[PDB]
file upload_20.pdb (PDB, C-alpha atoms (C1' of nucleotides))
ATOM      1  CA  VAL A   1     -76.936  14.450  -9.668  1.00  0.00           C
ATOM      2  CA  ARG A   2     -76.098  10.753  -9.530  1.00  0.00           C
ATOM      3  CA  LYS A   3     -77.444   7.413  -8.338  1.00  0.00           C
ATOM      4  CA  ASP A   4     -75.606   5.917  -5.374  1.00  0.00           C
ATOM      5  CA  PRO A   5     -74.733   2.191  -5.514  1.00  0.00           C
ATOM      6  CA  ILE A   6     -76.124   1.857  -1.970  1.00  0.00           C
ATOM      7  CA  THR A   7     -79.982   2.020  -1.888  1.00  0.00           C
ATOM      8  CA  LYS A   8     -80.093   3.474  -5.484  1.00  0.00           C
ATOM      9  CA  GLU A   9     -81.058   6.960  -4.275  1.00  0.00           C
ATOM     10  CA  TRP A  10     -80.532  10.178  -6.226  1.00  0.00           C
ATOM     11  CA  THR A  11     -77.912  12.340  -4.493  1.00  0.00           C
ATOM     12  CA  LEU A  12     -76.288  15.589  -5.571  1.00  0.00           C
ATOM     13  CA  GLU A  13     -72.640  15.859  -6.599  1.00  0.00           C
ATOM     14  CA  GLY A  14     -70.717  19.112  -6.421  1.00  0.00           C
ATOM     15  CA  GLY A  15     -69.411  20.418  -9.717  1.00  0.00           C
ATOM     16  CA  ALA A  16     -66.462  22.647 -10.484  1.00  0.00           C
ATOM     17  CA  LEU A  17     -68.279  25.792  -9.325  1.00  0.00           C
ATOM     18  CA  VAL A  18     -69.264  24.178  -6.010  1.00  0.00           C
ATOM     19  CA  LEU A  19     -65.543  23.786  -5.235  1.00  0.00           C
ATOM     20  CA  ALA A  20     -65.038  27.549  -5.831  1.00  0.00           C
ATOM     21  CA  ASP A  21     -67.700  28.798  -3.423  1.00  0.00           C
ATOM     22  CA  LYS A  22     -65.432  31.561  -2.089  1.00  0.00           C
ATOM     23  CA  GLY A  23     -62.785  31.324  -4.784  1.00  0.00           C
ATOM     24  CA  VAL A  24     -61.926  31.535  -8.483  1.00  0.00           C
ATOM     25  CA  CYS A  25     -63.076  29.329 -11.357  1.00  0.00           C
ATOM     26  CA  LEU A  26     -60.758  29.556 -14.355  1.00  0.00           C
ATOM     27  CA  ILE A  27     -61.655  28.561 -17.908  1.00  0.00           C
ATOM     28  CA  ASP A  28     -59.008  28.068 -20.591  1.00  0.00           C
ATOM     29  CA  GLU A  29     -59.819  28.230 -24.331  1.00  0.00           C
ATOM     30  CA  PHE A  30     -63.293  29.588 -23.680  1.00  0.00           C
ATOM     31  CA  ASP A  31     -64.395  30.026 -27.312  1.00  0.00           C
ATOM     32  CA  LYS A  32     -63.736  26.439 -28.448  1.00  0.00           C
ATOM     33  CA  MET A  33     -65.818  24.966 -25.614  1.00  0.00           C
ATOM     34  CA  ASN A  34     -69.331  23.896 -26.665  1.00  0.00           C
ATOM     35  CA  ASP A  35     -72.152  26.423 -26.251  1.00  0.00           C
ATOM     36  CA  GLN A  36     -74.061  24.057 -23.945  1.00  0.00           C
ATOM     37  CA  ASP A  37     -70.802  23.666 -22.002  1.00  0.00           C
ATOM     38  CA  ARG A  38     -69.764  27.339 -22.291  1.00  0.00           C
ATOM     39  CA  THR A  39     -72.910  29.005 -21.088  1.00  0.00           C
ATOM     40  CA  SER A  40     -74.353  26.622 -18.482  1.00  0.00           C
ATOM     41  CA  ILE A  41     -72.767  28.885 -15.840  1.00  0.00           C
ATOM     42  CA  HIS A  42     -75.116  31.887 -16.150  1.00  0.00           C
ATOM     43  CA  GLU A  43     -76.743  31.373 -12.756  1.00  0.00           C
ATOM     44  CA  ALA A  44     -73.417  31.031 -10.942  1.00  0.00           C
ATOM     45  CA  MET A  45     -71.921  34.013 -12.761  1.00  0.00           C
ATOM     46  CA  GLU A  46     -75.046  36.196 -12.274  1.00  0.00           C
ATOM     47  CA  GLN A  47     -77.212  35.023  -9.341  1.00  0.00           C
ATOM     48  CA  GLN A  48     -74.173  33.443  -7.574  1.00  0.00           C
ATOM     49  CA  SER A  49     -76.327  30.351  -7.084  1.00  0.00           C
ATOM     50  CA  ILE A  50     -77.015  26.912  -8.544  1.00  0.00           C
ATOM     51  CA  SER A  51     -80.696  26.046  -8.903  1.00  0.00           C
ATOM     52  CA  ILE A  52     -81.205  22.330  -9.582  1.00  0.00           C
ATOM     53  CA  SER A  53     -84.491  20.557 -10.354  1.00  0.00           C
ATOM     54  CA  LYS A  54     -83.801  17.001 -11.508  1.00  0.00           C
ATOM     55  CA  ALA A  55     -84.474  13.402 -10.392  1.00  0.00           C
ATOM     56  CA  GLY A  56     -86.840  14.545  -7.658  1.00  0.00           C
ATOM     57  CA  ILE A  57     -84.161  16.864  -6.232  1.00  0.00           C
ATOM     58  CA  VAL A  58     -84.691  20.624  -5.993  1.00  0.00           C
TER
ATOM     59  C1'  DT B   1     -19.334-111.021  69.650  1.00  0.00           C
ATOM     60  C1'  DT B   2     -22.104-106.942  71.424  1.00  0.00           C
ATOM     61  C1'  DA B   3     -22.938-102.050  72.946  1.00  0.00           C
ATOM     62  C1'  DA B   4     -22.416 -96.910  72.187  1.00  0.00           C
ATOM     63  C1'  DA B   5     -21.422 -92.793  68.884  1.00  0.00           C
ATOM     64  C1'  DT B   6     -22.667 -90.771  64.659  1.00  0.00           C
ATOM     65  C1'  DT B   7     -24.712 -89.144  60.494  1.00  0.00           C
ATOM     66  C1'  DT B   8     -28.445 -89.942  57.287  1.00  0.00           C
ATOM     67  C1'  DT B   9     -33.230 -90.103  55.932  1.00  0.00           C
ATOM     68  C1'  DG B  10     -38.183 -89.791  56.399  1.00  0.00           C
ATOM     69  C1'  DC B  11     -41.737 -86.842  58.076  1.00  0.00           C
ATOM     70  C1'  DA B  12     -44.220 -82.941  60.181  1.00  0.00           C
ATOM     71  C1'  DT B  13     -44.588 -78.148  60.160  1.00  0.00           C
ATOM     72  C1'  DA B  14     -44.375 -73.135  59.816  1.00  0.00           C
ATOM     73  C1'  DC B  15     -43.301 -69.301  56.801  1.00  0.00           C
ATOM     74  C1'  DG B  16     -42.876 -66.833  52.436  1.00  0.00           C
ATOM     75  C1'  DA B  17     -44.389 -66.497  47.159  1.00  0.00           C
ATOM     76  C1'  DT B  18     -47.787 -65.922  44.249  1.00  0.00           C
ATOM     77  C1'  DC B  19     -52.307 -65.798  42.061  1.00  0.00           C
ATOM     78  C1'  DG B  20     -56.965 -64.613  43.043  1.00  0.00           C
ATOM     79  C1'  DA B  21     -61.184 -62.379  45.022  1.00  0.00           C
ATOM     80  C1'  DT B  22     -62.859 -58.065  46.181  1.00  0.00           C
ATOM     81  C1'  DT B  23     -63.302 -53.163  46.169  1.00  0.00           C
ATOM     82  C1'  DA B  24     -62.711 -48.116  46.002  1.00  0.00           C
ATOM     83  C1'  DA B  25     -61.149 -44.183  43.058  1.00  0.00           C
ATOM     84  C1'  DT B  26     -61.612 -41.987  38.534  1.00  0.00           C
ATOM     85  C1'  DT B  27     -62.432 -40.204  34.655  1.00  0.00           C
ATOM     86  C1'  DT B  28     -64.521 -40.682  30.291  1.00  0.00           C
ATOM     87  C1'  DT B  29     -68.677 -40.839  28.449  1.00  0.00           C
ATOM     88  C1'  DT B  30     -73.727 -39.928  28.159  1.00  0.00           C
ATOM     89  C1'  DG B  31     -76.499 -38.417  25.497  1.00  0.00           C
ATOM     90  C1'  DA B  32     -79.615 -34.852  28.376  1.00  0.00           C
ATOM     91  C1'  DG B  33     -80.485 -30.417  28.697  1.00  0.00           C
ATOM     92  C1'  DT B  34     -80.021 -25.929  26.898  1.00  0.00           C
ATOM     93  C1'  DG B  35     -78.571 -21.612  24.035  1.00  0.00           C
ATOM     94  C1'  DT B  36     -79.107 -20.118  19.351  1.00  0.00           C
ATOM     95  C1'  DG B  37     -79.266 -19.285  13.809  1.00  0.00           C
ATOM     96  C1'  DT B  38     -82.438 -19.436  10.199  1.00  0.00           C
ATOM     97  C1'  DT B  39     -86.514 -17.010   3.690  1.00  0.00           C
ATOM     98  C1'  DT B  40     -83.662 -14.086   0.481  1.00  0.00           C
ATOM     99  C1'  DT B  41     -82.677 -10.940  -2.083  1.00  0.00           C
ATOM    100  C1'  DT B  42     -83.451 -10.174  -8.120  1.00  0.00           C
ATOM    101  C1'  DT B  43     -83.794  -8.787 -12.524  1.00  0.00           C
ATOM    102  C1'  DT B  44     -86.449  -4.722 -14.314  1.00  0.00           C
ATOM    103  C1'  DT B  45     -87.299   0.051 -15.176  1.00  0.00           C
ATOM    104  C1'  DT B  46     -85.939   5.354 -14.979  1.00  0.00           C
ATOM    105  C1'  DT B  47     -82.967   8.960 -15.372  1.00  0.00           C
ATOM    106  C1'  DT B  48     -78.879  11.020 -15.924  1.00  0.00           C
ATOM    107  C1'  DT B  49     -74.604  11.646 -18.407  1.00  0.00           C
ATOM    108  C1'  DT B  50     -71.316  11.074 -21.932  1.00  0.00           C
ATOM    109  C1'  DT B  51     -70.481   9.352 -26.335  1.00  0.00           C
TER
END
call {"tool": "encode", "arguments": {"input": "upload_20.pdb", "output": "structure tokens"}}
result
Amino acid sequence: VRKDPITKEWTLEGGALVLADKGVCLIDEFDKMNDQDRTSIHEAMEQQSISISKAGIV
DNA sequence: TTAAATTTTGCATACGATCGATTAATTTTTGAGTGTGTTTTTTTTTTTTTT
């Protein structure tokens, strides 16, 4: 989520998994990536969905 | 010595040259009337993301 320069409103931004909605996401050097950065993708890799609750946006 | 022909000179007069009085276009102004734009943004605080 991010704040737009026009009207300062909180709007969503698509991540890497949003751009692979019917495709393949590919991770190189998976072990050396941080645990917070490794395993933030549980809901996309299990529920096939991204549930977001931040900045008044669900 | 005296009378007629002739050409000159003064004067009146009519016609053009030129300035002046008047006057009609014109075109610039004449502000008068009318349409219209206008305050003004402002750091401060929250939340998030990366560092």
call {"tool": "closest_residue", "arguments": {"input": "upload_20.pdb", "among": "B:46, B:51, B:12, B:25", "to": "chain A", "atoms": "all atoms listed in the file"}}
result
B:46
call {"tool": "resolve_selection", "arguments": {"input": "upload_20.pdb", "expression": "the PyMOL selection byres ((chain B) within 12 of (chain A))", "output": "PyMOL selection string"}}
result
chain B and resi 46-49
call {"tool": "atom_distance", "arguments": {"input": "upload_20.pdb", "atom1": "atom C1' of residue 44 of chain B", "atom2": "atom CA of residue 7 of chain A"}}
result
15.5 Å
call {"tool": "atom_distance", "arguments": {"input": "upload_20.pdb", "atom1": "atom CA of residue 51 of chain A", "atom2": "atom CA of residue 31 of chain A"}}
result
24.9 Å
call {"tool": "atom_distance", "arguments": {"input": "upload_20.pdb", "atom1": "atom CA of residue 44 of chain A", "atom2": "atom CA of residue 17 of chain A"}}
result
7.5 Å
